[PDB]
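Chains as they are written, first to last, in the deposited numbering: chain BC, 1 to 393; chain BX, 1 to 86; chain BP, 62 to 123; chain BH, 1 to 205. Backbone N, C-alpha and C define an ideal beta-carbon position, used for all residues, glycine too. To keep things clear, I will list the structure first and then write my remarks on it.
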Amino acid sequence: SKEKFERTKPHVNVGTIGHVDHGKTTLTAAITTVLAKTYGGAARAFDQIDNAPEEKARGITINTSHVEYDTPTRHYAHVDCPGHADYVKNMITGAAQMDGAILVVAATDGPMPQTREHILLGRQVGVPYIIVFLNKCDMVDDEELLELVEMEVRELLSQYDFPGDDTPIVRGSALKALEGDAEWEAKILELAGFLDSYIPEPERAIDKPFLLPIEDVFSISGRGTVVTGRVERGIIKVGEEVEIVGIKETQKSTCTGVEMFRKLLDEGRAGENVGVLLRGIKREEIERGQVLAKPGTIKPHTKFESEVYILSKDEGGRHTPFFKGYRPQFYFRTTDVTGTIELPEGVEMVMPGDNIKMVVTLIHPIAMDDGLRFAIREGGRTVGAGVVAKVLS
Amino acid sequence: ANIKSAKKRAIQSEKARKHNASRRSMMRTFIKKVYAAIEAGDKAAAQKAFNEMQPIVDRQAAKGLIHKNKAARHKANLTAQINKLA
Amino acid sequence: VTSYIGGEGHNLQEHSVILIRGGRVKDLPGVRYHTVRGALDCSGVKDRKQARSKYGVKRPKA
Amino acid sequence: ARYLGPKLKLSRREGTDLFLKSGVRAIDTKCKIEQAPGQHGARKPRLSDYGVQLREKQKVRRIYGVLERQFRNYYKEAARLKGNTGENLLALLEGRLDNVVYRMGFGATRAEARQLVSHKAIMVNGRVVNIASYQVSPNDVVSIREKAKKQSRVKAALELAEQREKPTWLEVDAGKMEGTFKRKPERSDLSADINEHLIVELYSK
RNA sequence: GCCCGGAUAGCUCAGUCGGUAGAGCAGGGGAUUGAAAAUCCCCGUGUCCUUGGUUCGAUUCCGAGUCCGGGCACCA
RNA sequence: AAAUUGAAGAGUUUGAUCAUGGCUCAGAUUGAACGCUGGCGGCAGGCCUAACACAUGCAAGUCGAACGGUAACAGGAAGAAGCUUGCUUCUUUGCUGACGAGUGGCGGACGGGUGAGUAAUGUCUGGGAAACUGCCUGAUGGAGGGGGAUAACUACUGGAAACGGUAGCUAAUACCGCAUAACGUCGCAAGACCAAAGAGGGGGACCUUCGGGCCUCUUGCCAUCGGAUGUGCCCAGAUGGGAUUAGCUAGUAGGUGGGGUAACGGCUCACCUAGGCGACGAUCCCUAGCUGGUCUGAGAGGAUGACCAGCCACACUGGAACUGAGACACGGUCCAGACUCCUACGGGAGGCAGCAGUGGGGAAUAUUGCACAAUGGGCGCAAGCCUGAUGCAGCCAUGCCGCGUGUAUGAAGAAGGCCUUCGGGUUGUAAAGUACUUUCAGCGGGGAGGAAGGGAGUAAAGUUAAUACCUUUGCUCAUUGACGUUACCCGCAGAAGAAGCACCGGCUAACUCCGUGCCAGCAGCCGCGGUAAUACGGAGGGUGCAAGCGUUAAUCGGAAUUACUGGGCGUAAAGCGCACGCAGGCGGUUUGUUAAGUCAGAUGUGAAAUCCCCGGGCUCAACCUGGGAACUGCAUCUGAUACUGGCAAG
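Here it is, written out as structure tokens:
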């Protein structure tokens, strides 16, 4: 027995970007704090601004949009992710999963290296819909020097062809919005004003055949094995018959639960993160290389032909040509997979800043069709972006 | 099973337990008058004591106080003791 | 136990978790078992078409 | 369940006609009777005591067209039945619906008659039976459904049944598309082309 | 999802952690045999991690990844 | 409606042979798994591992026709107020429908689940003698009067919560005493001694506070004696292993007295005597719920108790006690133990081996299904309420059977593959083509039975108060399906959607090619494979099975391979090195007598289910089910006495 989330208005998954120390977790507390007062009607309360051990323990940020809340046009959930290079995997997948991102910078530091890495992702894998927040503004004594601190960001925007001044760059002091300063509680909710209108709006593929590429998995006590992630397409109701394809044998189940943010769900919707309980499934067998789907709509493949562009050093691509016989990491929605690549007759290399036709051979199968996007990476940078032109067997 | 939706038949049982104790020990300690008159050697005082007892000796098994066919055998055993005296 | 493994192609390693049935083969000393191909960490044998139920190789495909 | 593959395959392997696939090839071009199957078909046949037993069991199961599970079943039933088991099993084989439909010329082969039965064609005692393993009762009448009287192959089959002797436990009328199962099936009229003792001697091994 | 270790001849051991990688144990060829053992005479293996990089030079340095062992981590 | 169809051989020791003998093995079966494959339907089946631990839900209650009450809800009734105005608000009123909660009675100890313990005083089979009861039922009698208590409630009040605390009120089919008692109970008898309940329906008369009283009817109660389903006790036989498993006991054995018990006994206390038990198995340790019965095999014998069902034990662990007809109890109580959890830090909570669900273990296992429809069960005066009980769909080739995957036809056989002597041969009528039909599945339409009882109305009859009330039956028509868009039927294309798996050295049915060259592996054994392999891997072709296929394990057969059925021992493994001799076994021959053994006889019994004999039905089958037979034996007793046994004589 548990309480139900009720699907009124659209609902969308977003996330913070930038370097460490900039405010990436402070902001996600502070926004949710003023929204519950201002949109939600509440008075400033200590259990609003701090949260319980039990929520931290499961919404560990790096697997869960751990804060979910409401605004006048849509509901939002929001993710906090590492500002350091020690862990980037969940940022670069979260880019393909979000309808836009919250770019966090501390006026004290300016931009740092991970602020210059994460900006490229909206061109490379996700969407160029970024809204900006300048933290710790209250520390700077002079507005005209705050403006020069901000002129670093207008340059960085223009580096990756984001409009340097037609992007909305809110001023705030997130640690002061969090605690309950009268001026900075009053200079955070401006960000939700732009978030409600800069997207301009999310749009859901909820007419289509159901496709959930699984991001992550949980083991519910007394109920069994849940698989969750952004639903890319289609719709779900409780008791539908479902097919799992991918890295495993194709199997059939019953979705015997459907939840979102630990609340019951009348309907799983496209473009948003949804969790699904599954009949005859053990936490032992399932893997993130799986895709839950409408029965007989997509099948697993290891081999495919594709078009792929090799980035130029302008975009932080290669300057060395990309040889045949390479072993790149690919990125498809919620999942990464590595494959060995091949180039056309008499092509040993393709140059940076050029498109080629390629045949890949993955090290494990995933469910695939034509028109599916990827990027390739070799570590320190993404080096190309492409699309599956047809599958092979 | 492990649980039942009521617990109240246990409390009805304790209410009965305490109301049985409160007069089962009454009817059982009057017997000290028969045994003391047996110990006094005298058949007539033994009988007067048991005559005070017959009112409670049949009634305890007629009534619930020890129930069943326990009056017959007690009334018989107590005659069978005091008829050893003369 | 020592357990015979049938047909060429060996994917198994010194910690590969596997199943074994009876395989009587007094030709090899003490061996009373046979390692089940295409089960747990054991994959099927290469270049097979006459086995499908045997060697873990499944029905041949286009 | 039925035999779907090449039917003269069987007749050639068992060296007999089996009264199935009763058509003909033009000018007897590659008519391929009286020869054994395959690339090694030119070999002279070799026996064993187990080969004769297996081949006599194949023979009777290729005559009446029955599965091995079906024949193993009938042999248990035969051994339950009083008298001698051999004749008890053969009585089961002679009474079953598809076989009685072939006997009554409605099907020129066993497979025509089993296809007729599959297609809900026969009612017996006036009540429909669409399955091969119904035992036709003595003194009952089999009657083709109106929606089955249209099979051109059955109307032809009853002509292919002419100058072909029929078991003396039944009569049939082409003109009605109705046949009387006049009386009880009779072992004193029809047997298989094998020795009934050898085909059950191998079950003891 | 994160962190750690393992990819010199079949095996082992060495080798300026940039400058034709050396030796042993075992093995291959030839002779002998119908074959094998044994013997007698000739001779080879290096996935010197795959793949990208740094450089004047990679075996040995740096990222990427795969497999295998070990650690850390979660329960819509 | 009786009755059988049941008994096997094979490969393998050497140069060759006979005999001996192990090993491998064909067959059947399992709550079986593994790996491949898979379309449709019925009925059957799904922990057989950890008695290992379970999140969360849901699963014994119920009766206003025992009592006090009126929280909730509606209603009536009455009050009050307003153009909500002859309709409407607010209030009151247990007054009525009605019911939250309280008191009270009866039942929850049944079903369902688990198989841990237990070789058992439990169980099985058959009997014995000192017993008892829910509740039904036979019969006989009865119902006097009074008191006392207290929850709900009332007020006051603590704690985070669990949990409540203080003081006040009062009802009964509740509580308690007295009265009063049999054929009752005790007592040898005189005599003494023991019980209890009402409630409800309804009318002419009659009282009357118009409440109630009286009456009658119905239903319930109490006492006592009988019957009956149910249950207890006792006794004999039977009940796995270790004797390298030889002593065990006074906490016993026997008795006497008391106590205790429903009754019975070292049950239990005490005394007195010293006995009791064992190698025809005490004791000790190991294993293990049993049985009906299930499987296997000619059966004997073995395995074996599972799916169902009879019985037994158990319910996270350990101790105790109780309520009561009955329970150290699954659903309950106190206490302890362990773990886990809540908490305001003071304090508290809990045990899926119900049902669905989950983690874990392991070779391996359904959906937090659905439902009032029908069955049983508990309360129910009845309407009604309860139920994870019950029924029934889902999931899965887990079980068994049935059905289909096309069929009829069809060649100068044509391409292609395969083999080849290069002629042809073959795959194969197989394909194409020609002809027919669509079962099943599909799509659409139609559509039986599980439904009886039960509701209300109404008639006549009976009960009775002349009378209602009450009740038996009839009749009218009111009404009831989860499964479920059902079973089943009808239309309609159209071959359309339905073959894979193992096998081809021998045992073992199936041969040819190519590569491999003691290699890859190949078999269960014997074995194969070292460049002309039906034994390998692939190919084609062949064999066999089929929506299943193979393989592994497990059990049983084959085995007579521990030989009653059914063996050997000079020497095949094998006769005690010898004597003497107790235990135990065995004992000439004749007369009488006896009858334990044996044999004949009869009566009682071993339910169901299972088998058999003979049917019936669901189309057939699987499946379901009827009737009839079956049950080797046991108990007790009647007859016989040839013979073995006994006793006596010779």
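Who are residue i's beta bridge partners in DSSP?
i	result
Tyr76 of chain BC	BC:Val12, BC:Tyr69
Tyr331 of chain BC	BC:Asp336, BC:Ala375
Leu292 of chain BC	BC:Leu212, BC:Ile244
Where do the N-terminal and C-terminal ends of the alpha helix (DSSP H) with residue i fall, by residue?
i	result
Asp354 of chain BC	Counting along the chain, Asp354 of chain BC falls outside any alpha helix (DSSP H), though it belongs to the beta strand (DSSP E) covering 354-367.
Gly86 of chain BH	85-95
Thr96 of chain BP	Not the alpha helix (DSSP H): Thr96 of chain BP falls in the beta strand (DSSP E), residues 94-96.
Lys390 of chain BC	Here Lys390 of chain BC belongs to no alpha helix (DSSP H); instead the beta strand (DSSP E) covers 382-392.
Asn20 of chain BX	8-29
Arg114 of chain BH	110-118
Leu158 of chain BH	152-160
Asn273 of chain BC	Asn273 of chain BC -> not in any alpha helix (DSSP H); beta strand (DSSP E) instead, spanning 273-278.
residue 406 of chain BC	The structure shown does not extend to residue 406 of chain BC, since chain BC is modelled only from 1 to 393, so the question has no answer here.
Short of 6 Å in beta carbon distance, which residues of its chain neighbour residue i, apart from the five on each side in sequence? Order them along the chain.
i	result
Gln60 of chain BX	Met27, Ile66
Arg109 of chain BP	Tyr116, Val118
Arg24 of chain BX	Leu65
Please identify the residue among the options whose C-alpha is closest to the C-alpha of residue i.
i	options	result
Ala174 of chain BH	BH:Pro167, BH:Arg183, BH:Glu162	BH:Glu162
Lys30 of chain BH	BH:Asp17, BH:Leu190, BH:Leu8	BH:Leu8
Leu134 of chain BC	BC:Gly122, BC:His78, BC:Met151	BC:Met151
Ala177 of chain BC	BC:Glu6, BC:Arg7, BC:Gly23, BC:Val350	BC:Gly23
Leaving out five residues on either side along the sequence, give the residues of the same chain with a beta carbon under 8 Å from the beta carbon of residue i.
i	result
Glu178 of chain BH	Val141, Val142, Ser143, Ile144, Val172
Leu89 of chain BP	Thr63, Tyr65
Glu190 of chain BC	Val170, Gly172
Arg43 of chain BH	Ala36
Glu3 of chain BC	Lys263, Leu264
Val106 of chain BP	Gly67, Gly68, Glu69, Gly70, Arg98, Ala112, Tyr116, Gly117, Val118
Could you spell out where the beta strand (DSSP E) holding residue i opens and where it closes?
i	result
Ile81 of chain BP	81-83
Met260 of chain BC	251-260
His301 of chain BC	300-310
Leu211 of chain BC	211-213
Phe133 of chain BC	130-135
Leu103 of chain BC	101-106
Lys263 of chain BC	263-265
Ordered along the chain, which non-local residues of its own chain (more than five positions away) have a Cβ less than 7 Å from that of residue i?
i	result
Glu6 of chain BC	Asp266
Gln135 of chain BH	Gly95, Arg96
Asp189 of chain BH	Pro167, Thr168, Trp169
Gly289 of chain BC	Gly246, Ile247, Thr335, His364, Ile366
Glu241 of chain BC	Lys252, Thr254, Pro295
* Asked: Looking at C-beta atoms only, is the number of pairs between the segment 165-185 of chain BC and the segment 252-268 of chain BC that lie closer than 8 Å three or more?
  -> no
* **Contact the segment 161-173 of chain BC vs the segment 205-217 of chain BC: 3+ CB pairs below 8 Å** => no
* Asked: Is the segment 81-89 of chain BH close to the segment 113-123 of chain BH, with three or more CB pairs under 8 Å?
  -> Too few Cβ pairs lie closer than 8 Å, so no.
* Asked: Within the chosen definition, does the segment 303-311 of chain BC reach the segment 366-386 of chain BC through at least 3 CB pairs nearer than 8 Å?
  -> yes
* Between the segment 351-359 of chain BC and the segment 278-290 of chain BC, do at least 3 Cβ pairs fall closer than 8 Å? -> no
* Can at least three beta-carbon pairs, one atom from the segment 77-88 of chain BC and one from the segment 224-232 of chain BC, be found at a separation below 8 Å? -> No: the two stretches stay apart, fewer than three of their Cβ pairs being nearer than 8 Å.
* To do: Would you check if the segment 281-301 of chain BC and the segment 358-376 of chain BC touch, i.e. whether three or more CB-CB distances between them fall below 8 Å?
  => yes
* **Inter-stretch contact (C-beta, 8 Å, three-pair minimum) for the segment 71-88 of chain BH and the segment 47-56 of chain BH** => Short answer: they don't touch.
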